[PDB]
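The chain below stands alone and is given as structure tokens, in the form deposited in one PDB entry.
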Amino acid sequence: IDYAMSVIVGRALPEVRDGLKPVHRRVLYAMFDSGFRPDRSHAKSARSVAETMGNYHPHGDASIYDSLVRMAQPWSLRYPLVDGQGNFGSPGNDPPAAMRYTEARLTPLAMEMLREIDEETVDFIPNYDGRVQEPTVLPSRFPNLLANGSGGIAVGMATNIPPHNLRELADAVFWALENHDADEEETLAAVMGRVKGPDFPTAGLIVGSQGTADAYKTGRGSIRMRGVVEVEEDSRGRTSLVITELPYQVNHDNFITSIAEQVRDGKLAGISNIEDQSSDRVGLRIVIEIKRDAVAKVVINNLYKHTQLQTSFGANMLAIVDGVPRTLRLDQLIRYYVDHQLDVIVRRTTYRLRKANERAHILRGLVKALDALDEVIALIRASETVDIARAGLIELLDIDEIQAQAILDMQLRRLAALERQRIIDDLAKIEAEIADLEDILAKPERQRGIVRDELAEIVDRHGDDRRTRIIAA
């Protein structure tokens, strides 16, 4: 039926607001709700998988651990959300260890995605069995969809958003925050000016400008990615080619294999031997030894030709906007994100203000009780029951049942001189807070300034240098 697709496209494509699919959102939220934060010891992955399975994804589905694992791989995510410990696989064919052998916890950036989620910043909905509530989206204090990108298949409509530099994106966002009046085309230009292009975790080089611009303005484009090969004098002492970087998503093992197989086919003469000298110290380092009668330049170009040393990234900016799949331009992605940020901020202050009032209400009744301490005390001791006392206090002080209950819940230790003053002082602080909150609600410029300052803090702390180099040649 019509809702069939609406569900297939839910597991297939990412939301534009946080850039996540239901699985990942569930996993992250589960870890959060479990307290698996960065300032705490890693927890066995089985714990996270289990918390997700029982509350949100009731399947012995391998897709849970698969999501947890992937969000931990620095070669897959430009900005990882999971902090892994143990065997989480490799850029090659080496498979990850079982749930029970690995440990995981959230990264500081992931903590920014969940920031203030308990302050009604996003809409929650009941889970599969209706016992608990789950988030439809995360606050996403940092532009995750564009930062980490996304890749998924729908009914022939598969998304393919590339990763980007956090510092750059933040610049584009800051511009959109100040130029709220601007029109799309005026914005499309400013954002395209700040975001130089994709920034893959694997580094490498992007060759050209067409693919990028096409993607940013038409939501579709072919980006030319190229590995990084160095030329070295070997112990031969002749020439050896050294590939230190590969294009995004290129499997190291499959790559080396294609070279050896392509060679045997006779398609890659000039090559004497291939050897992997990679390591955590040296990083990627595939040494290709060329024959003494060979030109480095010709071998290189033949590599670009017959291997993934040079490959294309087929960008397709397709995301879910209000439950409907859509192909977007960079300016739309940016505006939809900013809108969400603003929505989060108003909702946050709306919530804080409500709770601030409830707090002040109680305090006003505690202060009243203080000004009549001797009376309330005698009244309470004279009362045969707490009910009588509750009723007597309401009458005696002119307060409601909640306020009257707060007084009866008060502890002896709060009667100490400095304790009593603390109640007074608090009341003043709370009233001042309420005012400031009401001010934010009244001024859209204040709200805009808040998202800007908070985002700036985030970029200062977690922002990093660009990895992928753009080559106009």
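Numbering starts at 1 and runs along the sequence shown. Residues that one form lacks are left out of the comparison. Think of the rigid core as the biggest set of C-alphas that the two forms share within 1.5 Å after superposition.
Omitted from view is the form deposited in another entry, to which the following refers.
K.L.:
Following superposition of the rigid core, which of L370, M192, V321, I153 is the only residue with a C-alpha displacement of 2 Å or more between this form and the one not shown?
P.N.:
Residue with a C-alpha shift of 2 Å or more: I153.
K.L.:
Is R381 displaced by at least 2 Å at its C-alpha between this form and the one not shown when the rigid core is overlaid?
P.N.:
Comparing the forms between this form and the one not shown, which are aligned on their rigid core, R381 does not shift its C-alpha by 2 Å or more.
K.L.:
Is there a C-alpha shift of 2 Å or more at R236 between this form and the one not shown once the rigid core is superposed?
P.N.:
Where the cores coincide, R236 still shows a C-alpha shift between this form and the one not shown that is 2 Å or more.
K.L.:
Just say closer or farther for the C-alpha distance from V155 to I125 in the other form, relative to the shown form; it changes by 3 Å or more.
P.N.:
The answer is farther, because the C-alphas of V155 and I125 separate from each other in the other form by 3 Å or more.
K.L.:
A 3 angstroms or greater change in CA distance between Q308 and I153 is reported in the other form. Closer or farther than in this form?
P.N.:
Here the pair is farther apart than in the other form; there, closer.
K.L.:
Could you list, in sequence order, the stretches of three or more consecutive residues moving 2 angstroms or more at Cα between this form and the one not shown on a rigid core superposition?
P.N.:
Residues 152 to 157, 234 to 237 form the shifted runs.
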